[PDB]
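Structure, as structure tokens:
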Amino acid sequence: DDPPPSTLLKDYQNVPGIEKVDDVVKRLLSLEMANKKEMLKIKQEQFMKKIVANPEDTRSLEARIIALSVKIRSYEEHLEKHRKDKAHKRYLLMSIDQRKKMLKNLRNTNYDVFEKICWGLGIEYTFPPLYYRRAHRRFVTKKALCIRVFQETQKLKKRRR
Amino acid sequence: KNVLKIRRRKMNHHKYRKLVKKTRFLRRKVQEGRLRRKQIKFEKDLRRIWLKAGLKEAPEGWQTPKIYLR
Amino acid sequence: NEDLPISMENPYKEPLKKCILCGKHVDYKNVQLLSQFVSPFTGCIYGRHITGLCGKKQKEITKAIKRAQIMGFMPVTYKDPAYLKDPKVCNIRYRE
Amino acid sequence: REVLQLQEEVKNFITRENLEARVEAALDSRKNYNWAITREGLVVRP
Amino acid sequence: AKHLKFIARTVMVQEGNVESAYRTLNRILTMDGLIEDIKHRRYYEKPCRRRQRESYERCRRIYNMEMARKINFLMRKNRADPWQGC
Amino acid sequence: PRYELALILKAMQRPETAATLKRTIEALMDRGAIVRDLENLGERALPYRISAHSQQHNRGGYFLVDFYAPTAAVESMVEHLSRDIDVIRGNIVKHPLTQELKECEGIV
RNA sequence: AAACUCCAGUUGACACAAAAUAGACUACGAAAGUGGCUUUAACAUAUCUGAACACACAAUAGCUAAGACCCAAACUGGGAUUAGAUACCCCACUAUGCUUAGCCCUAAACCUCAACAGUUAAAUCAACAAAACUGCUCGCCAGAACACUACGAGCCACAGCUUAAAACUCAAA
Ligand SMILES: NC(=O)c1ccc[n+]([C@@H]2O[C@H](COP(=O)([O-])OP(=O)(O)OC[C@H]3O[C@@H](n4cnc5c(N)ncnc54)[C@H](O)[C@@H]3O)[C@@H](O)[C@H]2O)c1
Ligand code: FES
Ligand SMILES: [Mg+2]
Ligand SMILES: [Mg+2]
Ligand SMILES: [Mg+2]
Ligand SMILES: [Mg+2]
Ligand SMILES: [Mg+2]
Ligand SMILES: [Mg+2]
Ligand SMILES: [Mg+2]
Ligand SMILES: [Mg+2]
Ligand SMILES: [Mg+2]
Ligand SMILES: [Mg+2]
């Protein structure tokens with residue numbers, strides 16, 4: 001879910017006395033009257049507070065994963081509307097690849113933080129396929145038949161025994 | 001650069017394109033027959049599979065699709 | 001020995017030259033300024049070899065002129081006659 | 001300082017109450033954005 | 001078509017000197033590039049040919065300017081021989 | 001963000017111009033805008049003849065409306081200006097002051 | 001010469017087309033490409049390398065459907081020329097160039113320079129191109145032609161694209 005539009009900008013959230021200003025100033029300094037990048041910054045800060053142990057450290061692998069996850073969500077939201085944007089499709093796919101690489105590094109280095117990142121961001125880590133080969137019509141049909149024939153043989157052997 | 005190789009490529013391609021135009025009707029029949037034989041070979045491979053497995057016929061509900069007919 | 005030269009940046013270094021519009025804001029609504037960089041007879045935008053502007057301000061003036069022309073602030077096919085008696089800042093002479 | 005400047009600035013914004021008066025005042029006013037430059041790099045105001 | 005008339009590309013005549021005004025108009029139209037535009041627009045110029053032409057003209061202008069600068073720099077030495085004989 | 005609406009209105013008498021300006025600002029506010037200031041650049045001859053709403057215009061009144069609005073408002077407001085019959089031409093730009101004036105050291 | 005004379009000139013109204021001048025700028029993007037105005041989204045990665053086939057893309061031309069049609073224009077007609085001229089020149093007019101949704105997957109797709117890191121010391125260095133090299137990785141190459149071919153395989157492609165031989169021949173290329 002997006003932060004409420006009434007939320008203050010990241011840059012005006014700690015200035016002393018921000019609660020004693022007029023409603024007009026509050027609107028002027030909120031997410032309602034800003035571009036989407038400020039909303040993404042607030043999302044990033046929220047995720048950093050929720051997940052990482054030290055939210056001030058932005059150079060850590062977890063922080064980079066959070067930032068790229070927010071960027072990926074932005075790209076997906078863009079592409080729902082812009083179906084023919086090939087450049088942004090490329091950017092989304094490349095960002096997904098980079099996040100998978102960082103997740104692999106995190107899993108190999110810090111499993112607890114890896115689990116926290118996976119739960120907090122709703123990411124499902126998957127292992128890459130072992131072989132990259134075309135699944136053409138002949139192979140697909142043959143594999144389906146082979147699975148069917150194995151099932152039939154299993155049924156026949158169960159009947160026999 | 002050698003322009004003669006580019007010229008020879010031009011001549012060979014132009015000569016090739018003339019042949020396919022001349023024998024176009026013959027080629028289509030040959031390709032259709034080849035695709036028929038291809039489909040038959042694929043079906044025989046599938047039949048060999050279920051025959052070796054032990055089943056006397058194909059698995060119930062299985063029908064070998066035509067994966068080479070346009 | 002004290003007389004040896006000492007490492008130092010050139011103190012006589014002359015300031016880099018600046019274009020006439022350096023540091024000044026170019027607005028599409030300032031048609032008076034924009035009209036100083038177009039041909040009086042055709043309204044065509046002068047090149048930098050004529051205006052003498054740097055690349056950044058040349059681009060700024062070009063964009064402002066196009067914006068003003070399309071938004072209904074500036075004429076396209078001529079310079080507005082109200083600005084024909086402004087200071088001449090372009091190095092072009094028609095021997096007119 | 002940003003917030004303080006904006007606070008003192010909002011006091012002169014057009015609300016639904018002063019819309020008529022502000023529109024009339026603007027109709028009784030003129031703003032000029034025109035100014036030219038000289039060969040010496042000096043601004044000459046209209 | 002939608003602009004005011006008799007302002008663009010318009011020249012006034014001085015003391016009935018029609019020829020001088022016409023030649024000034026020709027000078028203006030040539031200096032603003034309009035004559036070249038009209039002549040070039042009679043037939044379509046392919047984008048590749050246009051790019052090649054502009055590249056050639058830019059490089060020719062640069063080369064000519066550099067050669068002229070070189071000759072103007074070496075023209076200073078061109079004077080009467082001060083050590084004639086030796 | 002902060003936007004500037006450049007408005008070229010029909011050359012009208014004072015009451016109609018006032019009504020049109022009030023209507024435009026009311027549309028801005030209805031679309032969630034906070035209007036900062038309204039500036040009158042004056043009535044002047046148009047640079048060229050403009051055809052709008054089956055009418056030809058050679059003179060017009062130039063106005064500027066500075067405001068803060070959500071990004072979704074702009075498109076909506078544009079449509080509104082397309083329907084207003086007293087508006088010869090309306091354009092919403094990003095406010096020029098919001099653009100940063102980067103400083104230059106001169107020609108290299 | 002044909003063609004038009006519902007022709008031509010001034011004025012006014014008037015695009016689903018392509019975008020003078022700026023640009024003598026050399027910018028953006030992975031490349032292809034990108035040069036009228038505004039706004040909204042928006043240009044991955046805080047080691048590097050890493051694929052004909054995996055995942056995404058890819059000028060022009062071309063194929064399906066619907067739409068728009070000013071101009072241009074393969075084809076197709078007419079006029080003229082020519083020994084012949086169904087080419088070149090003139091006139092008219094299509095597919096196509098445009099939009100939408102799908103395909104096709106090719107270019108002198110070239111800076112004819114593979115990606116990252118480093119050096120300017122050496123004998124600089126076959127030549128020319130574009131100063132000479134080093135470390136590391138991937139891809140590729142082992143005489144010419146047969147051959148951007150045959151067969152096999154894959155492919156929304158069916159006169160198509162990718163991958164890609166051998167036999168005969170030669171002393172060269
Ligand atoms: N073939 C595989 O699926 C596979 C799996 C793991 C690693 N690799 C590595 O990739 C390199 C290329 O292997 P190859 O010569 O046998 O492939 P190849 O070029 O000869 O093609 C055979 C198959 O491997 C795939 N392939 C090709 N290059 C690949 C790559 N870099 N990574 C993954 N798949 C690739 C192709 O899709 C194809 O289906 C090798 O170094 C190999 O160790 C390949
Ligand atoms: S020289 Fe500084 S802006 Fe032009
Ligand atoms: Mg890589
Ligand atoms: Mg390989
Ligand atoms: Mg390829
Ligand atoms: Mg294509
Ligand atoms: Mg047509
Ligand atoms: Mg090239
Ligand atoms: Mg590589
Ligand atoms: Mg080919
Ligand atoms: Mg074959
Ligand atoms: Mg082939």
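In the structure tokens, each chain is lettered A, B, ... as it comes, each chain's residues begin at 1, and ligands are numbered from 1 in order of appearance.
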
Taking 4 positions as the minimum chain separation for residues in the same chain, which residues sit within 12 Å of residue 14 (chain C) when counting only C-alpha atoms (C1' of nucleotides)? Answer as a PyMOL selection string. (chain C and resi 10+18) or (chain F and resi 106)

Would you list the contacts of region 79-87 of chain F as JSON, numbers by chain, taking every protein, DNA or RNA residue within 8 Å and counting only C-alpha atoms (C1' of nucleotides), but skipping same-chain residues closer than 4 positions in sequence? {"F": [7, 8, 9, 10, 20, 27, 52, 53, 75]}

Can you list every residue of chain A that has an atom at most 10 Å from chain F, with its nearest atom pair and the distance in Å to one decimal, using only C-alpha atoms, ordered by chain then number, as a Markdown table?
```
| residue | atom | partner | partner_atom | distance |
| --- | --- | --- | --- | --- |
| A:24 | CA | F:34 | CA | 8.0 |
| A:27 | CA | F:34 | CA | 9.0 |
| A:28 | CA | F:68 | CA | 7.5 |
| A:31 | CA | F:70 | CA | 8.9 |
| A:32 | CA | F:70 | CA | 5.9 |
| A:33 | CA | F:70 | CA | 4.5 |
| A:34 | CA | F:1 | CA | 5.2 |
| A:35 | CA | F:71 | CA | 6.7 |
| A:36 | CA | F:71 | CA | 8.8 |
```

Once you have the residues from the selection above, write them out as a PDB file, in the first residue's frame, restricted to N, CA, C and O atoms.
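Below is the file that was written, result.pdb:
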```
ATOM      1  N   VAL A  24      -2.692  24.643   5.229  1.00  0.00           N
ATOM      2  CA  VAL A  24      -2.206  24.899   3.877  1.00  0.00           C
ATOM      3  C   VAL A  24      -0.730  24.536   3.766  1.00  0.00           C
ATOM      4  O   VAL A  24      -0.301  23.930   2.779  1.00  0.00           O
ATOM      5  N   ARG A  27      -0.453  20.787   3.657  1.00  0.00           N
ATOM      6  CA  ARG A  27      -0.726  20.283   2.314  1.00  0.00           C
ATOM      7  C   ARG A  27       0.447  20.547   1.380  1.00  0.00           C
ATOM      8  O   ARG A  27       0.825  19.680   0.584  1.00  0.00           O
ATOM      9  N   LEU A  28       1.032  21.742   1.458  1.00  0.00           N
ATOM     10  CA  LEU A  28       2.139  22.083   0.573  1.00  0.00           C
ATOM     11  C   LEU A  28       3.348  21.193   0.819  1.00  0.00           C
ATOM     12  O   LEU A  28       4.128  20.947  -0.108  1.00  0.00           O
ATOM     13  N   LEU A  31       2.844  14.540   0.604  1.00  0.00           N
ATOM     14  CA  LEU A  31       2.971  13.745  -0.611  1.00  0.00           C
ATOM     15  C   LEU A  31       1.892  14.076  -1.633  1.00  0.00           C
ATOM     16  O   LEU A  31       2.046  13.730  -2.809  1.00  0.00           O
ATOM     17  N   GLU A  32       0.808  14.734  -1.217  1.00  0.00           N
ATOM     18  CA  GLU A  32      -0.267  15.050  -2.151  1.00  0.00           C
ATOM     19  C   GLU A  32       0.220  15.972  -3.263  1.00  0.00           C
ATOM     20  O   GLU A  32      -0.173  15.813  -4.424  1.00  0.00           O
ATOM     21  N   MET A  33       1.079  16.934  -2.929  1.00  0.00           N
ATOM     22  CA  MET A  33       1.484  17.989  -3.851  1.00  0.00           C
ATOM     23  C   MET A  33       2.900  17.778  -4.380  1.00  0.00           C
ATOM     24  O   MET A  33       3.612  18.746  -4.659  1.00  0.00           O
ATOM     25  N   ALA A  34       3.319  16.525  -4.528  1.00  0.00           N
ATOM     26  CA  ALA A  34       4.663  16.191  -4.972  1.00  0.00           C
ATOM     27  C   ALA A  34       4.596  15.152  -6.083  1.00  0.00           C
ATOM     28  O   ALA A  34       3.540  14.588  -6.376  1.00  0.00           O
ATOM     29  N   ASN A  35       5.745  14.911  -6.708  1.00  0.00           N
ATOM     30  CA  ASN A  35       5.848  13.862  -7.707  1.00  0.00           C
ATOM     31  C   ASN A  35       5.995  12.503  -7.026  1.00  0.00           C
ATOM     32  O   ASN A  35       6.070  12.390  -5.801  1.00  0.00           O
ATOM     33  N   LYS A  36       6.034  11.453  -7.849  1.00  0.00           N
ATOM     34  CA  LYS A  36       6.014  10.094  -7.321  1.00  0.00           C
ATOM     35  C   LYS A  36       7.332   9.726  -6.646  1.00  0.00           C
ATOM     36  O   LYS A  36       7.376   8.783  -5.848  1.00  0.00           O
TER      37      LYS A  36
END
```

Please, which residues in chain B fall within 10 Å of chain A when counting only C-alpha atoms, and what is the closest atom pair and distance in Å to one decimal for each, ordered by chain then residue number, as CSV?
```
residue,atom,partner,partner_atom,distance
B:39,CA,A:138,CA,9.9
B:42,CA,A:138,CA,7.8
B:43,CA,A:142,CA,9.7
B:45,CA,A:142,CA,8.8
B:46,CA,A:142,CA,6.8
B:47,CA,A:145,CA,9.8
B:49,CA,A:146,CA,7.5
B:50,CA,A:149,CA,6.2
B:51,CA,A:149,CA,9.6
B:53,CA,A:153,CA,7.0
B:54,CA,A:153,CA,7.2
B:55,CA,A:153,CA,7.3
B:58,CA,A:149,CA,8.0
B:59,CA,A:149,CA,6.1
B:60,CA,A:152,CA,8.5
B:61,CA,A:148,CA,9.7
B:62,CA,A:145,CA,7.6
B:63,CA,A:145,CA,9.4
B:64,CA,A:141,CA,8.1
B:65,CA,A:141,CA,8.0
B:66,CA,A:137,CA,9.8
B:67,CA,A:137,CA,6.5
B:68,CA,A:137,CA,8.8
```

Requested write-out: N, CA and C atoms of the selected residues, as a PDB file, in the first residue's frame:
```pdb
ATOM      1  N   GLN B  39       6.342 -36.010 -39.312  1.00  0.00           N
ATOM      2  CA  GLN B  39       5.262 -36.314 -38.379  1.00  0.00           C
ATOM      3  C   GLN B  39       5.176 -37.813 -38.122  1.00  0.00           C
ATOM      4  N   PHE B  42       8.006 -38.806 -35.764  1.00  0.00           N
ATOM      5  CA  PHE B  42       7.703 -38.393 -34.398  1.00  0.00           C
ATOM      6  C   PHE B  42       6.695 -39.342 -33.758  1.00  0.00           C
ATOM      7  N   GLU B  43       5.645 -39.700 -34.501  1.00  0.00           N
ATOM      8  CA  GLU B  43       4.649 -40.625 -33.974  1.00  0.00           C
ATOM      9  C   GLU B  43       5.265 -41.984 -33.673  1.00  0.00           C
ATOM     10  N   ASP B  45       8.341 -42.577 -32.831  1.00  0.00           N
ATOM     11  CA  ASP B  45       9.135 -42.459 -31.612  1.00  0.00           C
ATOM     12  C   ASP B  45       8.240 -42.528 -30.375  1.00  0.00           C
ATOM     13  N   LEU B  46       7.115 -41.810 -30.396  1.00  0.00           N
ATOM     14  CA  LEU B  46       6.198 -41.852 -29.257  1.00  0.00           C
ATOM     15  C   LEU B  46       5.655 -43.263 -29.036  1.00  0.00           C
ATOM     16  N   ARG B  47       5.328 -43.950 -30.128  1.00  0.00           N
ATOM     17  CA  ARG B  47       4.808 -45.304 -30.030  1.00  0.00           C
ATOM     18  C   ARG B  47       5.862 -46.250 -29.471  1.00  0.00           C
ATOM     19  N   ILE B  49       8.119 -45.409 -27.406  1.00  0.00           N
ATOM     20  CA  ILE B  49       8.153 -45.129 -25.976  1.00  0.00           C
ATOM     21  C   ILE B  49       7.088 -45.944 -25.250  1.00  0.00           C
ATOM     22  N   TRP B  50       5.809 -45.791 -25.631  1.00  0.00           N
ATOM     23  CA  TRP B  50       4.828 -46.481 -24.786  1.00  0.00           C
ATOM     24  C   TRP B  50       4.870 -47.990 -25.002  1.00  0.00           C
ATOM     25  N   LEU B  51       5.400 -48.460 -26.135  1.00  0.00           N
ATOM     26  CA  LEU B  51       5.498 -49.899 -26.357  1.00  0.00           C
ATOM     27  C   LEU B  51       6.574 -50.508 -25.472  1.00  0.00           C
ATOM     28  N   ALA B  53       7.606 -49.220 -22.682  1.00  0.00           N
ATOM     29  CA  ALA B  53       7.188 -49.067 -21.290  1.00  0.00           C
ATOM     30  C   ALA B  53       6.357 -50.256 -20.815  1.00  0.00           C
ATOM     31  N   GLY B  54       5.650 -50.917 -21.730  1.00  0.00           N
ATOM     32  CA  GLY B  54       4.859 -52.086 -21.390  1.00  0.00           C
ATOM     33  C   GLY B  54       3.426 -51.987 -21.868  1.00  0.00           C
ATOM     34  N   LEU B  55       2.927 -50.761 -22.001  1.00  0.00           N
ATOM     35  CA  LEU B  55       1.551 -50.552 -22.428  1.00  0.00           C
ATOM     36  C   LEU B  55       1.344 -51.078 -23.841  1.00  0.00           C
ATOM     37  N   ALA B  58      -1.713 -46.644 -26.437  1.00  0.00           N
ATOM     38  CA  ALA B  58      -1.322 -45.356 -25.899  1.00  0.00           C
ATOM     39  C   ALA B  58      -2.003 -45.121 -24.550  1.00  0.00           C
ATOM     40  N   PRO B  59      -1.462 -44.229 -23.722  1.00  0.00           N
ATOM     41  CA  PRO B  59      -2.157 -43.873 -22.481  1.00  0.00           C
ATOM     42  C   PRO B  59      -3.549 -43.335 -22.780  1.00  0.00           C
ATOM     43  N   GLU B  60      -4.497 -43.639 -21.895  1.00  0.00           N
ATOM     44  CA  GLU B  60      -5.878 -43.232 -22.121  1.00  0.00           C
ATOM     45  C   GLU B  60      -5.969 -41.721 -22.283  1.00  0.00           C
ATOM     46  N   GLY B  61      -6.674 -41.289 -23.324  1.00  0.00           N
ATOM     47  CA  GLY B  61      -6.861 -39.885 -23.597  1.00  0.00           C
ATOM     48  C   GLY B  61      -5.755 -39.233 -24.395  1.00  0.00           C
ATOM     49  N   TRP B  62      -4.662 -39.941 -24.668  1.00  0.00           N
ATOM     50  CA  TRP B  62      -3.553 -39.360 -25.408  1.00  0.00           C
ATOM     51  C   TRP B  62      -3.819 -39.443 -26.904  1.00  0.00           C
ATOM     52  N   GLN B  63      -3.609 -38.327 -27.597  1.00  0.00           N
ATOM     53  CA  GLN B  63      -3.693 -38.271 -29.052  1.00  0.00           C
ATOM     54  C   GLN B  63      -2.490 -37.491 -29.551  1.00  0.00           C
ATOM     55  N   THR B  64      -1.689 -38.111 -30.407  1.00  0.00           N
ATOM     56  CA  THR B  64      -0.465 -37.475 -30.870  1.00  0.00           C
ATOM     57  C   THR B  64      -0.806 -36.244 -31.706  1.00  0.00           C
ATOM     58  N   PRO B  65      -0.492 -35.030 -31.250  1.00  0.00           N
ATOM     59  CA  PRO B  65      -0.836 -33.849 -32.046  1.00  0.00           C
ATOM     60  C   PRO B  65       0.003 -33.754 -33.309  1.00  0.00           C
ATOM     61  N   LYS B  66      -0.518 -33.010 -34.279  1.00  0.00           N
ATOM     62  CA  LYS B  66       0.229 -32.674 -35.489  1.00  0.00           C
ATOM     63  C   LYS B  66       1.004 -31.394 -35.208  1.00  0.00           C
ATOM     64  N   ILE B  67       2.296 -31.534 -34.901  1.00  0.00           N
ATOM     65  CA  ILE B  67       3.121 -30.400 -34.497  1.00  0.00           C
ATOM     66  C   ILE B  67       3.923 -29.815 -35.650  1.00  0.00           C
ATOM     67  N   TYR B  68       3.778 -30.351 -36.865  1.00  0.00           N
ATOM     68  CA  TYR B  68       4.524 -29.870 -38.020  1.00  0.00           C
ATOM     69  C   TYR B  68       3.643 -29.369 -39.153  1.00  0.00           C
TER      70      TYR B  68
END
```

Please extract the residues at most 10 Å from ligand 2, counting only C-alpha atoms (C1' of nucleotides) and all ligand atoms, and provide them as a count of residues only, using the chain letters and residue numbers of this document. 26

Sel. of helix (DSSP H, G or I) residues, chain B, as a ChimeraX atom specification: /B:3-22,24-53

Return as a PDB file with N, CA, C and O atoms (P, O5', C5', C4', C3', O3' and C1' of nucleotides), in the first residue's frame the residues of protein, DNA or RNA that approach ligand 10 to within 9 Å, with only C-alpha atoms (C1' of nucleotides) and all ligand atoms taken into account.
```
ATOM      1  P     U G 106      17.999 -11.951 -38.059  1.00  0.00           P
ATOM      2  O5'   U G 106      18.732 -11.587 -39.422  1.00  0.00           O
ATOM      3  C5'   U G 106      18.240 -12.084 -40.654  1.00  0.00           C
ATOM      4  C4'   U G 106      18.083 -10.990 -41.676  1.00  0.00           C
ATOM      5  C3'   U G 106      19.233 -10.006 -41.780  1.00  0.00           C
ATOM      6  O3'   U G 106      20.316 -10.528 -42.528  1.00  0.00           O
ATOM      7  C1'   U G 106      17.164  -8.843 -41.820  1.00  0.00           C
ATOM      8  P     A G 107      21.809 -10.001 -42.272  1.00  0.00           P
ATOM      9  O5'   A G 107      21.797  -8.543 -42.900  1.00  0.00           O
ATOM     10  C5'   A G 107      22.770  -7.590 -42.520  1.00  0.00           C
ATOM     11  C4'   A G 107      22.632  -6.318 -43.309  1.00  0.00           C
ATOM     12  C3'   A G 107      23.557  -5.193 -42.884  1.00  0.00           C
ATOM     13  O3'   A G 107      24.852  -5.319 -43.439  1.00  0.00           O
ATOM     14  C1'   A G 107      21.362  -4.359 -43.117  1.00  0.00           C
ATOM     15  P     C G 148      27.693 -17.966 -50.471  1.00  0.00           P
ATOM     16  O5'   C G 148      26.367 -18.248 -49.637  1.00  0.00           O
ATOM     17  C5'   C G 148      26.423 -18.856 -48.354  1.00  0.00           C
ATOM     18  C4'   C G 148      25.460 -18.211 -47.387  1.00  0.00           C
ATOM     19  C3'   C G 148      23.996 -18.199 -47.799  1.00  0.00           C
ATOM     20  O3'   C G 148      23.337 -19.422 -47.523  1.00  0.00           O
ATOM     21  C1'   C G 148      24.621 -16.050 -47.033  1.00  0.00           C
ATOM     22  P     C G 161      16.138 -16.241 -46.293  1.00  0.00           P
ATOM     23  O5'   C G 161      16.424 -16.139 -44.732  1.00  0.00           O
ATOM     24  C5'   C G 161      16.336 -14.893 -44.061  1.00  0.00           C
ATOM     25  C4'   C G 161      16.221 -15.068 -42.569  1.00  0.00           C
ATOM     26  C3'   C G 161      17.342 -15.845 -41.898  1.00  0.00           C
ATOM     27  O3'   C G 161      18.501 -15.063 -41.672  1.00  0.00           O
ATOM     28  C1'   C G 161      15.265 -16.645 -41.119  1.00  0.00           C
TER      29        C G 161
END
```

Distance table requested - chain F against chain G, cut-off 7 Å, only C-alpha atoms (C1' of nucleotides): one row per qualifying residue with the closest atom pair and its distance in Å to one decimal, ordered by chain and rising residue number, as JSON lines.
```
{"residue": "F:71", "atom": "CA", "partner": "G:40", "partner_atom": "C1'", "distance": 6.8}
{"residue": "F:74", "atom": "CA", "partner": "G:39", "partner_atom": "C1'", "distance": 6.9}
{"residue": "F:91", "atom": "CA", "partner": "G:38", "partner_atom": "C1'", "distance": 6.8}
{"residue": "F:92", "atom": "CA", "partner": "G:38", "partner_atom": "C1'", "distance": 6.8}
{"residue": "F:93", "atom": "CA", "partner": "G:38", "partner_atom": "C1'", "distance": 6.4}
```

Would you export the selected residues with N, CA and C atoms as a PDB file, in the first residue's frame, please?
```pdb
ATOM      1  N   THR F  71      -0.128  16.190  -9.271  1.00  0.00           N
ATOM      2  CA  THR F  71       0.229  15.900 -10.658  1.00  0.00           C
ATOM      3  C   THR F  71      -0.984  15.471 -11.473  1.00  0.00           C
ATOM      4  N   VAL F  74      -3.262  18.424 -13.408  1.00  0.00           N
ATOM      5  CA  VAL F  74      -2.875  19.130 -14.630  1.00  0.00           C
ATOM      6  C   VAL F  74      -3.697  18.648 -15.816  1.00  0.00           C
ATOM      7  N   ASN F  91      -2.127  27.232 -21.267  1.00  0.00           N
ATOM      8  CA  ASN F  91      -0.997  26.314 -21.187  1.00  0.00           C
ATOM      9  C   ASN F  91      -0.477  26.253 -19.760  1.00  0.00           C
ATOM     10  N   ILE F  92      -0.353  25.044 -19.223  1.00  0.00           N
ATOM     11  CA  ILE F  92       0.205  24.823 -17.892  1.00  0.00           C
ATOM     12  C   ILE F  92       1.647  24.363 -18.056  1.00  0.00           C
ATOM     13  N   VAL F  93       2.584  25.137 -17.513  1.00  0.00           N
ATOM     14  CA  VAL F  93       3.999  24.793 -17.534  1.00  0.00           C
ATOM     15  C   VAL F  93       4.467  24.618 -16.097  1.00  0.00           C
TER      16      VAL F  93
END
```
